[PDB]
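The chain below stands alone and is given in C-alpha coordinates; this is the form solved without the ligand.
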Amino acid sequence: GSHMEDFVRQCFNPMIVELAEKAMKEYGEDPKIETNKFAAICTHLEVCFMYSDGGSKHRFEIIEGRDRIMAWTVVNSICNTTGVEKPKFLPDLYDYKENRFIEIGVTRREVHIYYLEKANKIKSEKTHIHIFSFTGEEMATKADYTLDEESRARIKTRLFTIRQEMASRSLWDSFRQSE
(Lines give C-alpha, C1' and ligand atoms only; values in the text may rest on other atoms or scores of the structure.)
Protein backbone atom coordinates (compact mmCIF):
# COMPACT_ATOMS: atom_id res chain seq x y z
CA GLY A 1 0.00 0.00 0.00
CA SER A 2 1.73 3.11 -1.28
CA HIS A 3 1.74 6.75 -0.27
CA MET A 4 0.49 7.61 -3.77
CA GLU A 5 -2.62 5.49 -3.35
CA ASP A 6 -3.53 7.18 -0.07
CA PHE A 7 -2.87 10.61 -1.58
CA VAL A 8 -5.15 9.87 -4.55
CA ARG A 9 -8.02 8.84 -2.25
CA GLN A 10 -7.77 12.02 -0.17
CA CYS A 11 -7.14 14.30 -3.16
CA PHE A 12 -9.93 13.17 -5.49
CA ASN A 13 -13.67 12.96 -5.11
CA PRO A 14 -14.86 9.41 -4.28
CA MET A 15 -16.94 9.09 -7.46
CA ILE A 16 -13.85 10.01 -9.50
CA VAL A 17 -11.71 7.44 -7.66
CA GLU A 18 -14.35 4.76 -8.21
CA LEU A 19 -14.61 5.48 -11.94
CA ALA A 20 -10.82 5.45 -12.29
CA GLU A 21 -10.57 2.14 -10.44
CA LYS A 22 -13.25 0.67 -12.71
CA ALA A 23 -11.46 1.91 -15.83
CA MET A 24 -8.19 0.31 -14.75
CA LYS A 25 -9.76 -3.01 -13.84
CA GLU A 26 -11.58 -3.05 -17.18
CA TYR A 27 -8.12 -3.54 -18.72
CA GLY A 28 -6.76 -5.79 -15.98
CA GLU A 29 -4.66 -3.13 -14.23
CA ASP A 30 -4.30 -2.74 -10.47
CA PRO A 31 -4.69 0.77 -8.97
CA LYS A 32 -2.74 -0.47 -5.93
CA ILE A 33 0.27 -1.26 -8.15
CA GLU A 34 0.09 1.17 -11.09
CA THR A 35 -0.32 4.07 -8.69
CA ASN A 36 1.02 6.83 -10.94
CA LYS A 37 -1.38 5.65 -13.64
CA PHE A 38 -4.05 5.76 -10.91
CA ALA A 39 -3.32 9.42 -10.14
CA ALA A 40 -3.18 10.24 -13.86
CA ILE A 41 -6.55 8.65 -14.62
CA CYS A 42 -8.23 10.44 -11.71
CA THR A 43 -6.70 13.74 -12.85
CA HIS A 44 -7.77 13.29 -16.49
CA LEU A 45 -11.24 12.31 -15.28
CA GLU A 46 -11.65 15.41 -13.12
CA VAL A 47 -10.45 17.58 -16.03
CA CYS A 48 -13.02 15.98 -18.34
CA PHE A 49 -15.79 16.60 -15.82
CA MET A 50 -14.76 20.21 -15.16
CA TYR A 51 -14.53 20.67 -18.94
CA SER A 52 -18.08 19.44 -19.52
CA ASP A 53 -19.23 21.75 -16.72
CA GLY A 54 -17.91 24.66 -18.77
CA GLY A 55 -20.30 26.19 -21.19
CA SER A 56 -24.03 25.79 -21.39
CA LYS A 57 -26.37 23.22 -19.89
CA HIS A 58 -26.77 20.57 -22.62
CA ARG A 59 -23.55 21.31 -24.47
CA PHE A 60 -21.36 18.24 -23.90
CA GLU A 61 -22.01 14.51 -24.01
CA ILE A 62 -19.49 12.88 -21.65
CA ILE A 63 -17.93 9.74 -23.18
CA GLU A 64 -15.15 9.33 -20.59
CA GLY A 65 -16.10 7.60 -17.34
CA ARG A 66 -18.21 4.85 -18.95
CA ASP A 67 -17.27 1.25 -19.61
CA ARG A 68 -15.97 0.47 -23.12
CA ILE A 69 -19.31 -0.83 -24.45
CA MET A 70 -21.48 2.03 -23.24
CA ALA A 71 -18.95 4.62 -24.37
CA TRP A 72 -19.02 3.27 -27.92
CA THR A 73 -22.81 2.94 -27.69
CA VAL A 74 -23.04 6.65 -26.98
CA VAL A 75 -20.56 7.43 -29.78
CA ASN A 76 -22.68 5.34 -32.16
CA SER A 77 -25.82 7.23 -31.17
CA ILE A 78 -24.03 10.55 -31.63
CA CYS A 79 -22.73 9.59 -35.07
CA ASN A 80 -25.95 7.95 -36.26
CA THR A 81 -27.79 11.16 -35.34
CA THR A 82 -25.46 14.02 -36.23
CA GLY A 83 -23.86 12.30 -39.23
CA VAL A 84 -20.37 13.03 -37.88
CA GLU A 85 -17.86 10.33 -38.84
CA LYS A 86 -17.27 7.57 -36.29
CA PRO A 87 -13.88 8.08 -34.59
CA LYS A 88 -11.33 5.30 -34.87
CA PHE A 89 -10.49 5.82 -31.21
CA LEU A 90 -12.75 6.51 -28.26
CA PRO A 91 -12.84 10.27 -27.47
CA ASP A 92 -13.63 12.03 -24.16
CA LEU A 93 -16.55 14.36 -24.98
CA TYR A 94 -18.87 15.44 -27.77
CA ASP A 95 -19.61 19.13 -28.32
CA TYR A 96 -23.22 19.50 -29.45
CA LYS A 97 -22.59 23.19 -30.10
CA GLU A 98 -19.57 22.80 -32.40
CA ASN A 99 -20.62 19.28 -33.52
CA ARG A 100 -17.30 17.53 -32.93
CA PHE A 101 -15.75 14.97 -30.64
CA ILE A 102 -13.11 16.17 -28.18
CA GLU A 103 -10.00 14.34 -26.99
CA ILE A 104 -8.77 15.83 -23.70
CA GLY A 105 -5.09 15.50 -22.83
CA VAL A 106 -3.29 16.09 -19.53
CA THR A 107 0.49 15.98 -19.78
CA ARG A 108 3.53 16.57 -17.59
CA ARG A 109 5.63 17.50 -20.64
CA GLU A 110 5.32 20.37 -23.09
CA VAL A 111 1.83 20.53 -24.54
CA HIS A 112 3.40 20.50 -28.03
CA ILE A 113 4.89 16.97 -27.79
CA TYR A 114 1.72 15.43 -26.40
CA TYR A 115 -0.56 17.18 -28.90
CA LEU A 116 1.59 15.93 -31.77
CA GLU A 117 1.44 12.45 -30.29
CA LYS A 118 -2.34 12.37 -29.96
CA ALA A 119 -2.91 14.04 -33.34
CA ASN A 120 -0.74 11.50 -35.17
CA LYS A 121 -2.61 8.65 -33.47
CA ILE A 122 -6.20 9.57 -34.37
CA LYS A 123 -5.27 11.52 -37.54
CA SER A 124 -8.93 12.51 -37.97
CA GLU A 125 -9.23 16.12 -39.10
CA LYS A 126 -12.52 15.69 -37.23
CA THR A 127 -11.83 14.92 -33.56
CA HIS A 128 -10.85 18.11 -31.76
CA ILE A 129 -7.78 17.93 -29.49
CA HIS A 130 -7.39 20.00 -26.30
CA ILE A 131 -4.23 19.48 -24.19
CA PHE A 132 -3.63 20.84 -20.67
CA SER A 133 -0.34 20.65 -18.81
CA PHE A 134 0.44 20.75 -15.11
CA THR A 135 2.25 24.05 -15.74
CA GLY A 136 -0.77 25.97 -17.01
CA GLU A 137 -0.12 25.79 -20.73
CA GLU A 138 -2.78 24.52 -23.11
CA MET A 139 -2.94 23.72 -26.80
CA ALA A 140 -6.04 23.12 -28.90
CA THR A 141 -6.88 22.24 -32.48
CA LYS A 142 -6.99 25.24 -34.84
CA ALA A 143 -6.28 27.48 -31.82
CA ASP A 144 -9.95 26.96 -30.89
CA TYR A 145 -10.21 26.48 -27.14
CA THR A 146 -13.98 25.68 -27.08
CA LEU A 147 -14.58 27.13 -23.58
CA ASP A 148 -14.34 30.56 -21.89
CA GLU A 149 -10.99 31.71 -20.53
CA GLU A 150 -12.51 31.46 -17.04
CA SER A 151 -13.54 27.80 -17.38
CA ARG A 152 -10.10 26.91 -18.72
CA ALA A 153 -8.34 28.91 -15.98
CA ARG A 154 -10.25 26.81 -13.39
CA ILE A 155 -8.84 23.61 -14.87
CA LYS A 156 -5.29 25.01 -14.97
CA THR A 157 -5.49 26.15 -11.36
CA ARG A 158 -6.70 22.71 -10.28
CA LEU A 159 -3.89 20.92 -12.16
CA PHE A 160 -1.26 23.12 -10.51
CA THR A 161 -2.75 22.46 -7.06
CA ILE A 162 -2.58 18.70 -7.66
CA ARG A 163 1.05 19.24 -8.62
CA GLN A 164 1.83 21.14 -5.42
CA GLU A 165 -0.01 18.59 -3.31
CA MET A 166 2.03 15.78 -4.86
CA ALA A 167 5.17 17.82 -4.28
CA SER A 168 4.61 18.55 -0.58
CA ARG A 169 4.39 14.75 -0.25
CA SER A 170 7.50 14.09 -2.40
CA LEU A 171 5.44 12.21 -4.99
CA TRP A 172 5.68 14.71 -7.85
CA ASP A 173 9.08 13.62 -9.17
CA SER A 174 8.04 9.97 -9.39
CA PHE A 175 4.77 11.01 -11.06
CA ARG A 176 6.49 13.26 -13.63
CA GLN A 177 9.27 10.70 -14.25
CA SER A 178 6.63 8.13 -15.22
CA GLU A 179 4.65 9.64 -18.12
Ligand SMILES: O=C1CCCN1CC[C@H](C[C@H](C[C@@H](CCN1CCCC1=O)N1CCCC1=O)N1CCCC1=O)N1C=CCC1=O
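Numbering starts at 1 and runs along the sequence shown. Under this definition, the rigid core comprises the largest set of C-alpha atoms superposing within 1.5 Å between the forms.
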Between 20-28 and 155-163, larger RMS Cα displacement in 6 other deposited structures of this protein after core fit: 20-28
Mean Cα B-factor comparison, 123-131 or 148-156, giving the higher one as deposited: 123-131
Higher-B stretch (mean Cα B-factor, as the entry records it), 165-173 or 13-21: 165-173
Deposited CA B-factor, highest of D53, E64, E110, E46: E110
Candidate residues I102, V84, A71, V106, the one whose C-alpha B factor the record puts highest: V84
Entry-reported Cα temperature factor of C79, expressed as the chain third it lands in: highest
Chain-relative CA temperature factor third for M139: middle
Modelled-residue ranking by C-alpha temperature factor, third containing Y114: middle
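What comes next is about the form solved in complex with the ligand, which does not appear here.
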One residue of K32, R66, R59, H112 in contact with the ligand, assessed in the bound PDB entry (non-hydrogen atom, 4.5 angstroms): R66
In the bound PDB entry, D53 touching the ligand (heavy atom, 4.5 Å): yes
In the bound PDB entry, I16 touching the ligand (heavy atom, 4.5 Å): yes
